[PDB]
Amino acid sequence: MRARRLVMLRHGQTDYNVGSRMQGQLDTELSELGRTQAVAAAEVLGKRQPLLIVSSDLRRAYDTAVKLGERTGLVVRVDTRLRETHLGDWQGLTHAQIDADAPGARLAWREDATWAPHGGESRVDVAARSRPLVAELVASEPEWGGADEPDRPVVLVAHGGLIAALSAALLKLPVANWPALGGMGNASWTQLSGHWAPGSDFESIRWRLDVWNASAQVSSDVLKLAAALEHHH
């Protein structure tokens, strides 16, 4: 009857861009460096005995999640509600390309979680479609926060936009303050705690931010190696 720990892990680096090319729901793959980052995060998070792992179906997230599944003996459940924000006309574009089409729009966008100037989803939309998964897991996982092993976390493996929107919504931050959360890094993780409440009211659970954007330390020699494995230059 304790607090429910909820961990959210962002995928590692993809083989696509290493910069500002927005991905959205494009189904890009991890680079060798991103796979190494996923191992490093799984080494830390595995020690905490997750209760279950749920991943976005996008390969960059799923393959990250499998590294944690291998280290915990858990199967990776896949839920399309954990997909990254659909970025509409902006998927596959760099900041430079967006800024040339509409100067000022990208920066107004970061500060208005209700806006989707691209034909895709706003951050509010993303929270609205992912929050029901957390409510379902509260209803369906009686061991989560239970008396036997109350600190075993549910782990969600997903994407930076999803994690920021879902965390801000669970925390009940006013939408004006959603930009307070800086972007999640490569294979970084976040932890929220949902504190006990009478009855079965999900809305009565009060969430608090325990960890935002923590990461595993990885040696420079390993980072150099994994980056090099991907290229012949």
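All residue numbers refer to positions in the sequence shown, first residue = 1.
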(request) Return whichever of 164-172 and 196-204 has the greater mean Cα B factor according to the PDB record. (result) 196-204
(request) Going by the average Cα B-factor in the PDB entry, point out whether 94-102 or 129-137 comes out higher. (result) 94-102
(request) Could you say which of 20, 25, 14, 215 has its CA atom at the highest B factor, as listed in the PDB entry? (result) 20
(message) Where does the C-alpha B-factor of residue 48 rank in its chain, lowest, middle or highest third?
(response) highest
(message) What third of the chain does residue 148 rank in for C-alpha temperature factor, lowest, middle or highest?
(response) highest
(request) Select lowest, middle or highest to describe the third in which the CA B-factor of residue 1 falls within its chain in this entry. (result) highest
(message) When the deposited Cα B-factors of this chain's modelled residues are ordered and cut into thirds, is residue 76 in the lowest, the middle or the highest one?
(response) middle
(request) Would you please rank residue 82 by its C-alpha temperature factor against the other modelled residues of its chain and give the third it falls in: lowest, middle or highest? (result) lowest
